[PDB]
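Okay, so here's the structure we're looking at.
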Amino acid sequence: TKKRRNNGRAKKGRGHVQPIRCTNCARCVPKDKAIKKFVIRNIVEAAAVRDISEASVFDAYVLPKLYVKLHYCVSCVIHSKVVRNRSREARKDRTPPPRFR
Amino acid sequence: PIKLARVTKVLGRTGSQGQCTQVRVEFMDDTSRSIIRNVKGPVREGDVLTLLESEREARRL
Amino acid sequence: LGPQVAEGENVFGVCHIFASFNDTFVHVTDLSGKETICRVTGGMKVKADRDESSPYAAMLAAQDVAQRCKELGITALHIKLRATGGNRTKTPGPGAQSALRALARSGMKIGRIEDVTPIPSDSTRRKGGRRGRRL
Amino acid sequence: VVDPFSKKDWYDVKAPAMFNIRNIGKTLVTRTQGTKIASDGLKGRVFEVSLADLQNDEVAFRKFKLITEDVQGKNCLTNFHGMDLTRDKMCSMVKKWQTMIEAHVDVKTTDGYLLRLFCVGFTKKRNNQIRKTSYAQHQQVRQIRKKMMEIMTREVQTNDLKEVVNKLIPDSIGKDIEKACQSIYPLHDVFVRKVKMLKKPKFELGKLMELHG
RNA sequence: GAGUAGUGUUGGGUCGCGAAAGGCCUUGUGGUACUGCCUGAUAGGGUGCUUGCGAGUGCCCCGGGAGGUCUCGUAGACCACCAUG
RNA sequence: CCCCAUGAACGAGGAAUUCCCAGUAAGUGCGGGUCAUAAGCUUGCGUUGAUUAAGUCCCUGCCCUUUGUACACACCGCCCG
RNA sequence: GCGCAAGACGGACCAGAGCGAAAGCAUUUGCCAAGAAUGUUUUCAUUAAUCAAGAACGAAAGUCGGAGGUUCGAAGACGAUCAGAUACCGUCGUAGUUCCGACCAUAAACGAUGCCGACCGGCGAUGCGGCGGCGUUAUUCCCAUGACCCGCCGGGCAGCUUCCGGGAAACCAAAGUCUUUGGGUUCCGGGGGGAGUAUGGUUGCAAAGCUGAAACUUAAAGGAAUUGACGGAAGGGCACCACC
Ligand SMILES: [Mg+2]
Ligand SMILES: [Mg+2]
Ligand SMILES: [Mg+2]
Ligand SMILES: [Mg+2]
Ligand SMILES: [Mg+2]
Ligand SMILES: [Mg+2]
Ligand SMILES: [Mg+2]
Ligand SMILES: [Mg+2]
Ligand SMILES: [Mg+2]
Ligand SMILES: [Mg+2]
Ligand SMILES: [Mg+2]
Ligand SMILES: [Mg+2]
Ligand SMILES: [Mg+2]
Ligand SMILES: [Mg+2]
Ligand SMILES: [Mg+2]
Ligand SMILES: [Mg+2]
Ligand SMILES: [Mg+2]
Ligand SMILES: [Mg+2]
Ligand SMILES: [Mg+2]
Ligand SMILES: [Mg+2]
Ligand SMILES: [Mg+2]
Ligand SMILES: [Mg+2]
Ligand SMILES: [Mg+2]
Ligand SMILES: [Mg+2]
Ligand SMILES: [Mg+2]
Ligand SMILES: [Zn+2]
Numbered sequence: 002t003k004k005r006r007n008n009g010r011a012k013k014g015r016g017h018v019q020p021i022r023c024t025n026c027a028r029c030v031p032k033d034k035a036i037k038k039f040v041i042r043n044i045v046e047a048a049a050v051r052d053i054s055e056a057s058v059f060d061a062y063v064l065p066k067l068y069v070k071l072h073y074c075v076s077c078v079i080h081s082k083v084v085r086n087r088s089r090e091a092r093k094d095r096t097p098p099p100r101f102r
Numbered sequence: 008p009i010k011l012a013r014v015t016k017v018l019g020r021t022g023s024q025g026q027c028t029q030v031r032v033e034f035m036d037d038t039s040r041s042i043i044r045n046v047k048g049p050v051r052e053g054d055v056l057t058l059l060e061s062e063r064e065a066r067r068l
Numbered sequence: 017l018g019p020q021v022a023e024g025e026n027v028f029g030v031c032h033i034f035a036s037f038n039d040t041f042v043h044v045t046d047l048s049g050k051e052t053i054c055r056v057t058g059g060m061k062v063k064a065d066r067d068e069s070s071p072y073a074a075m076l077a078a079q080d081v082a083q084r085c086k087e088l089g090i091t092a093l094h095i096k097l098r099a100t101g102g103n104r105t106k107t108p109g110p111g112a113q114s115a116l117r118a119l120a121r122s123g124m125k126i127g128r129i130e131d132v133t134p135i136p137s138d139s140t141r142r143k144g145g146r147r148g149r150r151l
Numbered sequence: 021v022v023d024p025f026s027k028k029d030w031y032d033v034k035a036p037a038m039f040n041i042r043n044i045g046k047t048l049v050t051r052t053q054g055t056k057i058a059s060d061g062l063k064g065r066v067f068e069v070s071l072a073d074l075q076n077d078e079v080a081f082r083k084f085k086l087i088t089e090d091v092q093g094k095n096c097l098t099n100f101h102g103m104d105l106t107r108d109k110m111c112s113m114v115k116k117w118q119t120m121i122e123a124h125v126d127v128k129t130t131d132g133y134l135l136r137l138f139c140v141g142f143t144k145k146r147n148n149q150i151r152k153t154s155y156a157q158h159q160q161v162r163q164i165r166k167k168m169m170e171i172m173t174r175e176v177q178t179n180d181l182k183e184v185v186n187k188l189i190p191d192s193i194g195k196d197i198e199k200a201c202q203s204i205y206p207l208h209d210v211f212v213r214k215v216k217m218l219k220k221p222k223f224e225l226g227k228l229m230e231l232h233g
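Residue numbers (the authors' numbering), protein chains in the order written: chain a, 2 to 102; chain c, 8 to 68; chain O, 17 to 151; chain B, 21 to 233.
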């Protein structure tokens, strides 16, 4: 029985897609299927913010941020809970979850 | 420095075993600075907390 | 025991903080980088292989090299943070963050923060094998 | 056993006359044992310096590589070597619905320094724009590329290193590309993302002395 | 005077920006708003500070005047054991 | 059961764990059961009477919901050489 | 940290986007030929559709030679884990992975949906060309032109939606126009096994490829969906015989 109409991978009207190695595994996955996640955070985290802010030789020095694109092979995600399974109907919704309050 | 603090609201209870209360802090110096803080034992709104480290912020247990 | 400078002006070293998931280095050099002042590593401060990486190691290592440089007249540290890079992880290990916070506390001065992980334009094949590393 | 650190000696790295602030810092060299000349061991170094630190008014994310050449007796003489963007900013610019454009030239200055200049740009979302994506068609892109290329070539080729560096501090060149390309497509962030060095001419004291003061 | 002089550019154009000297020939507008910085106009394009955030509010120049811990809300929480029945 | 003697272990209890939120825990005696003679047990009864919490799924335990299934004598299932 | 060298690979930008008959195809720049679509009051005048036989190209692995060998890496060697592990995990490492030159013709080569053609609902989007339309911008006026903007047309890649109709149902605007059964055409299936095996023929250098039975054996094998039960799957939830 066909589960998804799009077959899990985003490939449409082209034959084959350049494969990429997973972040976590190293398992090989085509770039279309790969569960992708972008990460923008600050180099230093929550508390050490306030701490380091004092130790500067600069006034109003704004911390640099760290930018990383992750790919997660289908397995690795579900283990990391970046992605979890949902109901037959609620499957169909491709609208990204509400991290915006 | 030693500081004082005021309870504006009670939000939730942080803890593994449900120990800490996660509460919201005004400063009694009439400043408008608002910091979330972890407190142990019973807390109702309006109470005053004494902070030995006053620049610290709240993390989720 | 070092550079001769007034009380206002701060002497700058360049600190490389390398956090893999195996262990951290806190490595302090000149501006050029061609001379190392002091280098302490995670597996050095703590004895067990498990603990090699863990933040606690970062702590110790950092406190120590920072001390040793506070000796030699280096107050301020430019920081170049590093994740293992290349084909493997681009996240810095957990150690780095801690380490950084640590050699703040020792009373060091912090210059610019910069992120250098070697990043490929396009790499050699990664060390697992097609079906991945499974466990 | 024997402390390696008492045979050290402190030296002073002073930048050239191009920027404002002179002393970039201190450098630490083991004294001459006579088998090894310390003035020589010190001779070959690069320094990675934020523009913010050289000249007070500017942006944090442009970095300069500076080479020592001669030593004046606890003075080091630094000539321009390289230039680049801080990785942070470079990543900050690149985003997901816009075309990116890159070009590069190899140019000899009038005095003979050989540089490699890299050029980065982006398609910018128009201000009322409803469509999700600013992409440019291949031929548009190539047009742009060619113009980026043209501009900086003429900018360097005519001038010596002195004026080149002088153009690189504020980034005259970037703003130049951006204005010139508005016709073909609205370029957005446009920079010289990297400056390299290929050949320096045979080293000459006098030339450098003039560069310092 | 003259949208001339000078100055300015992606493709051109009947161009854009925009002086002064000096005279002549007798007044030679009012009402009403605003205004952070950068670029290139009070337009267009970037980019901000006020309380962490979201609202408000203010941020051209001068003089003088006094009144001061601006107001209202507020989650902003993120650091591999194990066969068979 | 009672009188004299005998007067030993025991110095607040290791890894683990049990019961408990207000006349309650706990101390303390008392009744009923068993009983000819018997309560270190049980079942009740008053008396003296608190520390702490009004919260959380970490652990343990079961419940729903989604989900996969070649099982339905239902995983102690089925099944491959 | 500075240089040098070698071979690989083209990140981010990169998308339910493009292009190609399919395999497949992303650094710049020049040269070489193709190609769809669009536009057209050009030309030819039925030259077309599908196709036994026969051909061209055809991932990866594999095979001959040559060159080259960074990384990864079957084989193998150790080190672990385990009752055992000749397996998952780790340190190495041959063939191979790379380029040139010949072979091989198979992949879940998948949209598991032949190709040409007609008709049958909407709705917004997107890529390419075209056509029209205020208004912004490339500074201030004129035309070009480009960028956004509002539509319209023809091809595309898709999507959402719907008692069009189908369908065993999952689902499909085609899998529709089917007992109200006929637009043209090609390949091809006939219970499960035995078996894509035996044999012969044929291709290859070989590994194999194409073509391809029978004796026998067997009441089911299978497809969708439904309640269960279970999961070493994810979420909530409670209980001082769970904790704080
Ligand atoms: Mg299934
Ligand atoms: Mg394919
Ligand atoms: Mg639980
Ligand atoms: Mg059954
Ligand atoms: Mg096609
Ligand atoms: Mg690239
Ligand atoms: Mg044939
Ligand atoms: Mg091949
Ligand atoms: Mg091969
Ligand atoms: Mg060979
Ligand atoms: Mg072994
Ligand atoms: Mg192995
Ligand atoms: Mg290896
Ligand atoms: Mg062939
Ligand atoms: Mg086949
Ligand atoms: Mg098939
Ligand atoms: Mg056919
Ligand atoms: Mg169009
Ligand atoms: Mg038009
Ligand atoms: Mg269309
Ligand atoms: Mg029929
Ligand atoms: Mg049959
Ligand atoms: Mg056959
Ligand atoms: Mg045969
Ligand atoms: Mg089924
Ligand atoms: Zn993975």
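Note that the Cβ used here is the ideal one computed from N, Cα and C, for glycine as well.
| Asked | Found |
| --- | --- |
| Note down the Cα distance separating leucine 119(O) from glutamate 51(O), rounded to an integer number of angstroms. | 20 Å |
| Would you mind reading off the limits of the alpha helix (DSSP H) that contains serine 114(O)? | 110-121 |
| Counting only C-beta atoms, is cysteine 111(B) closer than 8 Å to chain a at any point? | yes |
| So with Cβ pairs under 8 Å, would you call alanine 47(a) a contact of chain c? | yes |
| Do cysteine 26(a) and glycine 148(O) have their C-beta atoms closer together than 8 Å? | yes |
| So is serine 139(O) in contact with chain B if we call contact Cβ pairs under 8 Å? | no |
| Could you tell me if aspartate 60(B) is buried or exposed, where buried requires 16 or more neighbouring beta carbons within 10 angstroms of its beta carbon? | exposed |
| With three or more C-beta pairs closer than 8 Å as the rule, is the stretch 33-43 of chain O touching the stretch 98-112 of chain O? | yes |
| Alpha carbon to alpha carbon, what distance is there between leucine 48(B) and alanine 99(O)? | 27 Å |
| Determine contact between the stretch 141-149 of chain B and the stretch 204-213 of chain B, defined as no fewer than three beta-carbon pairs at a distance below 8 Å. | yes |
| Which residues, in order along the stretch 28-49 of chain B, keep a beta-carbon less than 8 Å from a beta-carbon of chain O? | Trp30, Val33, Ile44, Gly45, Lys46, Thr47, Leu48 and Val49 |
| Run down chain c in chain order and give the residues with a C-beta less than 8 Å from the C-beta of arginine 51(a). | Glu62, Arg63 and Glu64 |
| Candidates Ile135(O), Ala78(O), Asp131(O) and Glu25(O): which alpha carbon is nearest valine 44(O)'s? | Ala78(O) |
| I need the straight-line Cα distance from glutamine 202(B) to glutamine 159(B), nearest angstrom please. | 15 Å |
| Return the residue from the list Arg22(a), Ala61(a) and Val69(a) that minimises the CA-CA distance to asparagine 43(a). | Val69(a) |
| If I measure Cβ to Cβ from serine 61(c) and keep anything under 6 Å in the same chain, skipping five residues before and after, which residues do I get? | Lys10 |
| Out of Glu90(a), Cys77(a) and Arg100(a), state which residue places its alpha-carbon closest to the alpha-carbon of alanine 35(a). | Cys77(a) |
| Kindly indicate the opening and closing residues of the alpha helix (DSSP H) around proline 71(O). | 71-88 |
| My understanding is that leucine 62(B) touches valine 91(B), with C-beta atoms under 8 Å, so please give their C-beta distance in whole angstroms. | 6 Å |
| For the stretch 77-108 of chain B, which segments carrying the alpha helix (DSSP H) assignment without a break, of at least 4 residues, lie completely within its bounds, in sequence order? | none |
| Could you please give me the residues that DSSP links to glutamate 130(O) through a beta bridge? | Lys96(O) |
| What's the C-alpha gap between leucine 18(c) and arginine 141(O)? | 50 Å |
| CA-CA distance, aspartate 54(c) and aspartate 67(O)? | 42 Å |
| Evaluate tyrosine 155(B) with the Cβ neighbour count: other Cβ atoms within 10 Å of its Cβ, from every protein chain shown; 16 or more gives buried, anything less gives exposed. | exposed |
| What I want to know is whether the C-beta of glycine 16(a) ends up closer than 7 Å to one or more non-hydrogen atoms of ligand 2. | yes |
| Which residue wins for smallest C-alpha separation from residue 297(B), given the options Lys199(B), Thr173(B), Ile171(B) and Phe211(B)? | Here chain B comprises residues numbered 21 to 233, so residue 297(B) is not present and cannot be evaluated. |
| Identify whether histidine 80(a) lies in helix, strand or coil by the three-state DSSP scheme. | helix |
| In whole angstroms, what separates the C-alpha of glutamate 87(O) from that of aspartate 60(a)? | 26 Å |
| Looking only at C-alpha atoms, which of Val79(B), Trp117(B), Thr88(B) and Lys195(B) sits nearest to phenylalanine 223(B)? | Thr88(B) |
| Per the contact definition of three or more C-beta pairs closer than 8 Å, is the stretch 35-50 of chain B in contact with the stretch 96-103 of chain B? | yes |
| With which residues is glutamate 33(c) paired in a DSSP beta bridge? | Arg13(c) and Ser41(c) |
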